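Scroll down for the structure; my scribbles are underneath it.
Proteins get letters first, then strands, A, B, ... in listed order; numbering begins at 1 in each. Whatever order the structure lists ligands and atoms in, that order sets their numbers, starting from 1.
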Amino acid sequence: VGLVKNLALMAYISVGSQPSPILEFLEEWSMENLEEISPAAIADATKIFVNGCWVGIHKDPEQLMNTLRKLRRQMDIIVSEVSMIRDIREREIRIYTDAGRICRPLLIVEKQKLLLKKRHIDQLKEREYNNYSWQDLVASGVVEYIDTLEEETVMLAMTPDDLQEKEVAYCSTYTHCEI
Amino acid sequence: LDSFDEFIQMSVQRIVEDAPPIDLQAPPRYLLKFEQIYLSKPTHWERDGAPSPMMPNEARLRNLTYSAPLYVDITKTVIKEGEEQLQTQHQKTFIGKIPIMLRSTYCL
Amino acid sequence: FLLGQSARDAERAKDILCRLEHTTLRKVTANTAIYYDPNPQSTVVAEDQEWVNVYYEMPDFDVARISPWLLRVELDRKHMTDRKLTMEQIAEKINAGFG
Amino acid sequence: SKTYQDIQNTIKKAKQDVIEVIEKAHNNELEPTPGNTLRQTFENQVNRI
Amino acid sequence: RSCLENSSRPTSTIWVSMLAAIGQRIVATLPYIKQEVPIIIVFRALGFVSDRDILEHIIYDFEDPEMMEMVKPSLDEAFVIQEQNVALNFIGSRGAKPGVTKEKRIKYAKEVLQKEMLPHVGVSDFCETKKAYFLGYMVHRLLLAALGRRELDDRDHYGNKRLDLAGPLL
Amino acid sequence: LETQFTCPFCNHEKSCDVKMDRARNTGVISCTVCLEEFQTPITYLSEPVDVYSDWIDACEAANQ
Amino acid sequence: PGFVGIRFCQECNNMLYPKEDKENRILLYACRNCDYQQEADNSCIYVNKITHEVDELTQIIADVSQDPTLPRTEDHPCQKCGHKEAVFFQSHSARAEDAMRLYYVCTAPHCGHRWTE
Amino acid sequence: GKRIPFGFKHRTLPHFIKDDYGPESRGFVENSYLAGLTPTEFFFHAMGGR
Ligand SMILES: [Zn+2]
Ligand SMILES: [Zn+2]
Ligand SMILES: [Zn+2]
């Protein structure tokens, strides 16, 4: 009891990916290497980790995380199974490209609206004719794979009814919605 | 399926390259390098030695192991003195059989 | 279980409670500091010259025997009074323990 | 329907009472009962409600 | 539990621990070394000799005296070893076979520090800055835990776990 | 760790013992077969194997 | 009294240890690796804050205002800039276990202001 | 013997806001079995039955 477990329906486990495209992007995006910094820079910078290696520091972690997410949502140099966690209080950005992470797809919310729109459903309803697929839905930046370690940082609507205006607002800054 | 496909496509080759080349010396000395894997489709060899493609239901009925032969390119170089070396490449040396996951990319 | 009026009056029950429960100096100490305070006549802590001089302007102990290192412990009122404990008793326990 | 309405009213009241106790804790108006840490008094009171 | 990105070796685990005038001393359990080493000796063996240069890897804001007070017992303990060669000798005296010459003990200590300690940070030469920063981060995390400023990790939390599937198992 | 050592002079195994004279900050290693002895300064971190290593180093330093 | 810091030798960056100038009765800070010495500016050598009274407002950082998982309020406006919205949260450091005291941080960009009511 | 723990950082589930000590967050199921549980009530009731 409890020791043997079974996957949830939409759970996917990462197969693993090489980190070098991300290290190459980070060095081209104002990350400073440990061998170059002075230690006095570390107190107000953010530590960047990739697969647990502390690779550098960065001085504006919000714009970095926005850029990294914008890459992942575009099928760019960051593949969909890469986790990217900002610990705001600790000043750590941790990026994971390793195998064996358990993850699941979530819908992206921006400004309290789903990015999923009628034109997506209307394309999916003729999937057998138009060859539009789940992969196109991920490539459009509508669905995102989120790991348990990244869920700590996510704000989840249980349904789009949580996104509506209410007589008292519990939360007004949701990042994702359950399918 | 994806985990098995990553094992066949990437991990076996990495393991074969990551192993150190092996040096032998009595003086004349030899070193061998393992450089490239190949995996066929599942095949079975009958008592006459002829290969044929084994389907999974034959493996279930005859109690066979559904597996494919793995090959590696091996280079041997011979060393002693004067750079009087030579290399022999023993291409596709049969190294063993790998059990194949059904419906994987390497299944029939 | 308590005898007598200590079984009815909560204040006497609390007095026995203080008589049983173990209290070390840590339970009643707010902070501790170590100073180089080489002359009690001109204590490097400013806030306490008014009382310190009263102890040294009398003959019972000799500044020539005083080590220049001071241990200063600050207690707090709530934990002392919750225990009806006095600094005269704390000093008595110190001198009982170290002579 | 009467029973369901009275149940819903009782739940709504209990939730408002928990909100009140939370506000008293946040404002430090909540005073520790003896022998209990403030966290344990808060937990005791919410579980009571 | 350090593992190199390609599995050329199995994982190697490094422990940095705080022991239960008396003060809180921090020690490292390094692989292939028979005894726990004071962390400041490990930093000197990595070539960081002055106390300030070591603390610059462990305490990123110096205006935080509560952390300084907590590293101070370890600077005290290791003060008898002050040069990189003495620290590499100290480490190499342990784990190495007792009879080997000084050069072999130094070389053994360097080999452990390059290849066996924190192989995920690097197994190359000239990686000592990377290793000093990560080992400093390990000590910093331990200090934040001891000061109660960061919560202890949960072994049940599924972010801290991995599922080995058929591929990795084979 | 091992606390008994092979003598560098007489090659007898487990023939050398270390005496840690902490109060004088000095360590003596002595071979029971040949009674060759060596003294080195010791710290509180110092241990028998550090004294033995100091002795082997002093021997190789004398071979120069 | 506040914790007493480390201080470092100018000549060799090892930490200085306090010692008295016995024949002169003044407090030195002296190196154990080299002959450097300095006169102490603070006569306190040790402080033990047994009550561990520490101000969480020093530990809070303004970046926390960016966290989408924190609650937001308009009822407690920022005194430093008048901005209507703030995040709020409880104290995070342990041993201060009892208090449910809220801390507020302004959400206006570059107003890293933090307070308690 | 205690309300549902913060197994996520200061949260029981990523659906709640941090430091939500309120009844729904910490696992008060306000529905009946005839009304049927909401998804968070369902998962907290599974935590209890386990
Ligand atoms: Zn001998
Ligand atoms: Zn110095
Ligand atoms: Zn403001």
Side-chain angles (χ1 to χ4, degrees), chain E residues 40 44 48-56 72 75-76 78-83 86 98-99, chain F residues 2-19 28-40 48 51-60 62-63, chain G residues 5-19 28-40 57 60-67 70-89 102-117:
Chain E
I40 307 299
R44 283 179 171 126
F48 297 88
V49 292
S50 85
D51 302 332
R52 197 209 294 268
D53 297 313
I54 297 173
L55 290 199
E56 297 254 54
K72 190 180 293 176
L75 294 180
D76 296 349
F79 106 102
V80 295
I81 288 162
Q82 290 289 343
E83 296 183 22
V86 184
Chain F
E2 291 200 287
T3 60
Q4 294 190 293
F5 309 103
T6 299
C7 181
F9 298 100
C10 79
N11 197 34
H12 290 76
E13 74 184 0
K14 298 196 172 185
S15 61
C16 305
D17 297 339
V18 183
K19 178 180 179 178
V28 186
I29 184 163
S30 309
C31 178
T32 63
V33 175
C34 68
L35 301 175
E36 297 285 7
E37 301 196 304
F38 173 86
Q39 307 198 355
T40 193
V51 178
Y52 182 58
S53 301
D54 289 345
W55 194 20
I56 300 305
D57 295 6
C59 296
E60 292 185 339
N63 278 262
Chain G
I6 197 161
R7 58 182 70 191
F8 302 99
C9 177
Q10 292 188 357
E11 301 301 334
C12 79
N13 289 304
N14 285 6
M15 75 157 279
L16 303 176
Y17 291 85
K19 74 171 189 171
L28 306 178
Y29 276 102
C31 189
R32 291 186 176 170
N33 188 68
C34 70
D35 69 347
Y36 175 88
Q37 299 175 5
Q38 181 182 6
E39 292 173 31
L57 294 171
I60 291 164
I61 67 178
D63 306 323
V64 173
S65 64
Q66 301 165 7
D67 188 345
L70 285 179
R72 286 165 170 74
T73 187
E74 295 186 326
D75 295 344
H76 300 280
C78 180
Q79 310 90 351
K80 185 57 59 177
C81 80
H83 191 256
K84 186 63 61 175
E85 189 189 62
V87 294
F88 65 90
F89 48 87
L102 289 184
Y103 297 83
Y104 299 85
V105 180
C106 187
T107 63
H110 318 291
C111 180
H113 185 61
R114 66 206 74 150
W115 73 97
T116 297
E117 296 291 322

Taking 2.8 Å as the cut-off, does an N/O/S atom of F:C7 lie below it from the Zn ion (ligand 1)? yes
Taking both backbone and side-chain atoms into account, decide whether F:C16 has an N/O/S atom under 2.8 Å from the Zn ion (ligand 1).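 No - counting backbone and side chain alike, F:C16 has no N, O or S atom under 2.8 Å.
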Out of G:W115, G:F88, G:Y103, G:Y104, which one pairs with G:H76 under the ring-ring contact (aromatic ring centres under 6.0 Å, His included) rule?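 For G:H76, the ring-ring contact (aromatic ring centres under 6.0 Å, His included) check succeeds only for G:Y104.
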Once rounded to 10 degrees, what value does the angle at the Zn ion (ligand 2) take between SG (G:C34) and SG (G:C12)?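 The SG/SG angle about the Zn ion (ligand 2) sits at 110°.
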Whether F:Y52 and F:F5 hold their rings parallel, tilted or perpendicular, with breakpoints at 30° and 60°: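 It falls in the parallel class, under 30°.
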Given SG of G:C106 on one side and SG of G:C81 on the other, what angle do they make at the Zn ion (ligand 3), to 10°? 110°
Do the side-chain N and O atoms of F:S30 and F:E37 include a donor-acceptor pair separated by under 3.5 angstrom? yes
When you check the side-chain N and O atoms of F:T40 and F:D54, is any donor under 3.5 Å from an acceptor? yes
Kindly confirm whether the Zn ion (ligand 3) is within less than 2.8 Å of some N/O/S atom in G:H113?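 Looking at G:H113, which is the residue asked about, there is no N, O or S atom under 2.8 Å from the Zn ion (ligand 3).
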What angle, in degrees and rounded to 10°, do you get at the Zn ion (ligand 1) when you join it to SG of F:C10 and to SG of F:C31? 100°
Does atom CD of G:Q10 have more than 12 heavy-atom neighbours, drawn from other residues, nucleotides or ligands, at distances under 6.0 Å? no
